[PDB]
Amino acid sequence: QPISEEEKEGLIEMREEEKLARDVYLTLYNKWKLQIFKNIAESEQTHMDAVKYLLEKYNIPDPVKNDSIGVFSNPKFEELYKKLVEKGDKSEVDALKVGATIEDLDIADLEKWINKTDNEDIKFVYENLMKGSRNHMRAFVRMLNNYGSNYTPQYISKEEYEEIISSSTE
């Protein structure tokens, strides 16, 4: 029941991964003004706060030294932020696909970390986060459907992607 360095590394990654979702969705909201990005950004702020509560619980240094949109300590996220906002700027459909894409990445990463921890505190937050992301994914894809488009998964398997989109809400 003490936390391991590995479990700390997971929380540090997820704290900024939820920020990546929040910041890309804010940025795309300011561009396209589709309410889904505003709504889900707020949910990502909730998710960020959930990770932060665990960071504080274990007195782990918060990787978010600057809450400004686009700012990250781990450059994998700074890179993804730049990549994804450039793709999302092209059209409403490209922005919705970027939404699905971030949810796809986040679900895959949440599974990765869930599987490395036996910690009831941590597992619980991750499960809740994953339930959230599956709902975000369903929301983005349904919106892509309204535009006569769809989504091809990149990080999660085809099979898990189909199980997410063929079900209702959690």
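In this text, residue numbers run from 1 along the sequence as written.
Undergrad: Which is higher in the entry, the mean Cα B factor of 123-131 or that of 63-71?
TA: Per the deposited B-factors, the answer is 123-131.
Undergrad: Higher average CA B factor in the deposited record is what I'm after, so tell me if that's 13-21 or 144-152.
TA: Higher mean C-alpha B-factor: 144-152.
Undergrad: So where's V51 on the chain's Cα temperature factor ranking, which third?
TA: For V51, whose C-alpha B-factor we compare with every modelled residue in the chain, the answer is the lowest third.
Undergrad: Please place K90 in the lowest, middle or highest third of its chain according to the CA B-factor in the PDB entry.
TA: Highest third, going by the recorded CA B-factors of the chain.
Undergrad: Going by what the PDB entry lists, where does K116 fall on CA B-factor within its chain: lowest, middle or highest third?
TA: Highest third.
Undergrad: Taking the entry's C-alpha B-factors for this chain, is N30 in the lowest, middle or highest third?
TA: It falls in the middle third of the chain.
Undergrad: Relative to the other modelled residues of the same chain, rank the CA B-factor of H136 and answer lowest, middle or highest third.
TA: Tercile = lowest for this residue's CA B-factor.
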